[PDB]
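Labels run A, B, C, D, E and F following the written order; every chain starts at residue 1.
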Amino acid sequence: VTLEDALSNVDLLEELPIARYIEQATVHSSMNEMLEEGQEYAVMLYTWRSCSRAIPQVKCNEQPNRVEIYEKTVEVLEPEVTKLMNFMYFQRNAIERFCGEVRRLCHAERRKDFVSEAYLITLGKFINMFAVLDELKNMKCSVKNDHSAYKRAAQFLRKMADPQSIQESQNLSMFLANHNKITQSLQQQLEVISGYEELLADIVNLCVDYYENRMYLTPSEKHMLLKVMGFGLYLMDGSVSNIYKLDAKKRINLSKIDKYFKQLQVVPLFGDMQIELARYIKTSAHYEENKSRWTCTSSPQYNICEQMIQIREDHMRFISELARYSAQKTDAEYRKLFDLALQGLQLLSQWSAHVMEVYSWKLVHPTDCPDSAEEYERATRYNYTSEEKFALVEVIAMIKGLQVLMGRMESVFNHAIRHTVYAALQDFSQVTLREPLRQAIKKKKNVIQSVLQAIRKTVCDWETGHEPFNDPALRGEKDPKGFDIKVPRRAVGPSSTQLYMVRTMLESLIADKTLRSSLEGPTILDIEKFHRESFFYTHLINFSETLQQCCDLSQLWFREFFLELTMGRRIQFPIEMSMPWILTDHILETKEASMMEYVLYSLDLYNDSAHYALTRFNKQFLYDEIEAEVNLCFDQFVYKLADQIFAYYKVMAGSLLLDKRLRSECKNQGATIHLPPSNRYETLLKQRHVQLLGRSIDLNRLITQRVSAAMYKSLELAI
Amino acid sequence: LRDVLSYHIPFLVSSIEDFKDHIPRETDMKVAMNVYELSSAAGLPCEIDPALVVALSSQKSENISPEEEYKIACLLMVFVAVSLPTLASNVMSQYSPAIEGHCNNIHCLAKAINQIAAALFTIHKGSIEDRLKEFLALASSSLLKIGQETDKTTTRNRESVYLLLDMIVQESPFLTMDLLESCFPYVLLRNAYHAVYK
Amino acid sequence: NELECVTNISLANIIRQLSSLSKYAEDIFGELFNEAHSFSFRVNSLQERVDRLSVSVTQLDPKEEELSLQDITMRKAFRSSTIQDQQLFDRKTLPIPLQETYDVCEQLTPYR
Amino acid sequence: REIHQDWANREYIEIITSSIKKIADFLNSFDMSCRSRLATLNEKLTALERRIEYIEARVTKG
Amino acid sequence: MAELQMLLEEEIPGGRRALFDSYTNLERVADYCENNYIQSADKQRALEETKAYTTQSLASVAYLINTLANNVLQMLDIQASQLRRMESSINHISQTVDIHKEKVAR
Amino acid sequence: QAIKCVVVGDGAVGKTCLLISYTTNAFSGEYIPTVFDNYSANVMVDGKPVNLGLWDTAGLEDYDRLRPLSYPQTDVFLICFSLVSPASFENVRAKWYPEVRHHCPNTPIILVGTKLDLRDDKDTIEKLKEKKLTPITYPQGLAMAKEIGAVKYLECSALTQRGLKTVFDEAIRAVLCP
């Protein structure tokens, strides 16, 4: 009935046991909607499976069911040509809009006007979308064969087809025929515009600054920056623009890119596929005569075993510092929570990046193990050592352990984040902007006046509902000496539109006479300080979404890329070559006590993969495959676990009851009886919340059944 | 003794087990002590040891009063908890899998604290679960503090003391893993187990 | 003002989220009630068996006891139940919420 | 001014959303806790069922 | 004993029916308030009305959850108590059987 | 990494059944004429991954206005003739050697026969004898391939897939290695 009364009922449950940026804002949004549609076309291609095999084959022309087999093929593969039509139409329009946007922004006005930073990142994501889509089209093969079968079936039935239909079908075949069609079309339509290299250089420079300054929070963004830099360099080379001349002009620095490529060589485009960042350089037109400049091509630091000491130390110190933080407090406490949450997310992203990059590198570099084996077998199973597998599961367990802790504190985190952002923004606008406003008022700076007033009017909150009339800054005269103002305090974050607008205006004041030439030292120092500190505000407001995205490891199971390369002789790889089973099997077979308790954290990866597929891929056969794999995987895990538990306890009892004098005498003679190493089955036995595929499994019951059968067998054998 | 008596006088042992297990909780302490004494004579694992209570009840001096004795007992746990981290600097506190404990016999402090606390707070009528909860909270806070820094000499065997806290919770029946998780993540214990096993 | 309209839309979304939370609680309570109801039936059946056994065991006459020959092993040796649960992750045993997440997503032998 | 009204309205939304999240978090925790209690209850029930069956077989005549 | 069957088939089914009715009410009220805000000449009154409705819904939902949780906990506790009483009876029967067997052996 | 292959030849010589069998592992007898088609494969040759785009060209006289545009920006050329059709064999000398060379003079050419399984069949050769035609033999292809300067001469049979893996394997070996 009232907010307070509703909150009291909820509490009872807890105890139970300017129009210039408006125009740019609209353009930025239009590009964003297109990128989402592009990812949907990219997902559609990745989840493509050969549907032509199930179509019956015809061996003679007199078959009574020839006509009907053709009807069938057509119905079945009709919904698949329609989406191909849409995809070709979408990419054609997307390229046209991108080229037109560059045409608008490459005019001579560029020499005076500056361009926003989020916009450049959006453009980088745009070209990355083109690159991934081109790779999907190039590598996929079942699409072309399926279309060819449909075309032949339609011709045989002559489904009353017309002039335009055949023209479109021929065009689509050629479109899928051409190698790197998307890249070639984009380059051809972009080379006509003069100065496009300068804009590409700005995007590359922005990516370098972000990467160097750790201006990211998720591994996806980290990999995107490298991919954008590589693709931008490839586009720069051509008949009009040369990278080497630009580098000699100081416009672009290639040493930083070379070092980054050397440190990190493989990044994931989409799914199990990987891209070598050095491939773009290799494909550069002018690379042949100047290959000495780049040293990243030649191939040492991916051994995760030697990188675990720092991970363990960082994990312990963060947990120890955080465990003590498990009715209003000072702003310092909220700021500490803000910092702690950021540190935790950064650490999780670093761990996730390490695991994924190692996996990608191993896949790209297969070994050279029996004589006969599939590419997946060589790429994953035989490229991993016992120490490597233990380290990977250790990192996975740490990631999940920290993830669950942060989720529990989500409520406290959210309150602290909202309180801090509101206080920092209001204090900055209401205090830090007074001095620049006074200087602008004293000496006519109308350009500065508009931006400052817009910033101080879009987001500022006034306790009395109106701006004070006694402010010396507004009148332009120097303030006395204080005119202190008490800003309101509350827990709510700025809206996305407000945050974007204020940031754009704030960063427009600082740019490369210029508008920054009329500002003193301290005024700017605060301006850039706020600019570099407010980037994570939007990320931290949606804490739950950021945390799950940062701790995503659903790409360790999908293998559709390798299935296509098996020439369609395989429906799905056997459980032996999947990563989660290999890690679990290795732990069980080795029976290592140290890693015994980490098995569960290596078995719930299926839940993450299933959630990712259902939420993003919107496909069902992947979910069915996961369930089938888990069905037998769990049974094998239970069977092995019960057998080793019974054997370990039986030997322990026998050794414990054995005489000690005989053992000592045997040891002296030289026939000592080795003791049984201890293990840590204590945690596994007590587990009763094994959550898998949205199901609750009682591991204790299954172990009890196996042990009871074993005990009965032993007693019968004894008699 | 329990194992020997199981196959010697099963009828008496079975009657004792039923008598002890199904004893109502609302009964007075005198009858419960009588049952425990008989149960102890049979070798059963009673939570409260009547012999310890009897031995600890024969003490008196000039300045002894019920209120100050209760305060002393409450303060004893605080002193033990605050002194627990000091064991991290001991060389002989190296946990080893072959022993499932420590070379300096610090793994028996868990049952010592539980038995001492139960006997002291059943003599003085004070609650046990609340007192043990406070001891665990203080220990967890201090154990987190010592693990925050990185001094080599002072934190040579920080993992060993972490396992002691796990042993205290496991052995203690009045303490549940839920309380430890709230005040101490199980992740640290898991890492400690891996490090020692190596 | 567009701000007022945006707020009202947010309130409507909040109501939708509250309704979703209500469903997320109804299914859990229903599942637990159905499961616990089964346990009630099992307990009641066991209670009847124990009552019958107690009546039967309090009637034994010691003089009625008889022993068979030492060389007779024809008696059917008693065997305990040994049912081990398997195929746990099966399509049929899927939680209703998973079913909605399933059907919402996307979905020739005679002529072969 | 409209800005102040928007801030107040958004504060109303923020507290309501936090209340919704708290209810969901409790609901998940309650489901886990009840299931664990349910599982241990089943463990004892099946053990009792086995024991009574053994007793009946031991005492049954014929 | 009677209180058990009472809450089995009178409490939980009623709560589920109330939850379903609440869901329909939540959907209907949201549509009505949104349609009222657009149509109504005055917007502040509409904003207040929807604020009252959502608060009423939140309080009702929390109340329904609390009573259901309390009922489930109560039902579980009585089931556990019944099981413990059952275990004692079984143990007594087992003890009676074993003494009966020793007397026959003697 | 990516190799572009275009197959040319006379009509009804077995280029669709050849490509279809290689990619889908299936064969058929129906003859659906082909204005244009496209097929793809991903096979490893000499221990490296190679992407094999395949381009199918109509050989029928009328559809000569879509054939030239598939020639440029290619790597290898495939010429297919039916072992049981002397007319196609002579067409290679009269044409498909100038046509490819004129558009692409410095590209390697692969010459391979087709319908190997039918060469030993008595019924088909007999009917060809009523036409006063005799099937082609192995040495004849060697001379023709040497005359046109092709890398190799091979033979294939889609129905039996006896030499259909080799032809594509050697075509990649012809461009990637030299």
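Here is the rule we use: a residue touches a chain if its C-beta (ideal position, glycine included) is under 8 Å from a C-beta of that chain, and two chains touch if they have at least 3 such contacts.
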| item | value |
| --- | --- |
| Remaining chains grouped by touching, chain E not included | one piece |
| Chain pair whose interface holds the most contacting C-beta pairs | C-E |
| Inter-centroid spacing, chain F versus chain E (mean Cα positions, whole Å) | 75 |
| Mean-CA-position distance for chain F and chain A (Å) | 46 |
| Cα-centroid distance, chain A relative to chain D, in whole angstrom | 33 |
| Length of the line joining the C-alpha centres of chain B and chain C, rounded to whole Å | 39 |
| Per-residue overlap in chain C, given as positions that touch at least 2 other chains | 4, 7, 11, 14, 18, 21, 25, 32, 36, 39, 43, 46, 50, 53, 57, 60, 80 |
| Multi-partner residues of chain E (at least 2 other chains) | 47, 51, 54, 58, 61-62, 65, 69, 72-73, 76, 79, 83, 86, 90, 93, 97 |
| In chain D, residues with contacts to at least two other chains | 9-10, 12, 16, 19-20, 23, 26-27, 30, 34-35, 38, 41-42, 45, 48, 52, 55, 59 |
| Every chain pair meeting the contact rule | A-B, A-C, A-D, A-E, A-F, B-E, C-D, C-E, D-E |
| Chain B contact footprint on chain E (complex, rising order) | 88, 91-92, 95, 98-99 |
| Chain A partner contacts - residues on chain E that touch it in the complex | 52, 55-56, 58-59, 62-63, 65-66, 69-70, 73 |
| Footprint of chain A on chain F - complex, ascending | 2, 4, 23-30, 32-44, 49, 51, 53, 55, 66 |
| Of all residues in chain A, those that touch chain C in their complex | 54-57, 65, 68-69, 72, 614, 618-620, 623-624, 627, 630-631, 634-635, 692-695, 697, 701-702, 705-706, 708-709, 712 |
| Contact footprint of chain E on chain A as seen in their complex | 1-3, 5-6, 9-10, 12-13, 16-17 |
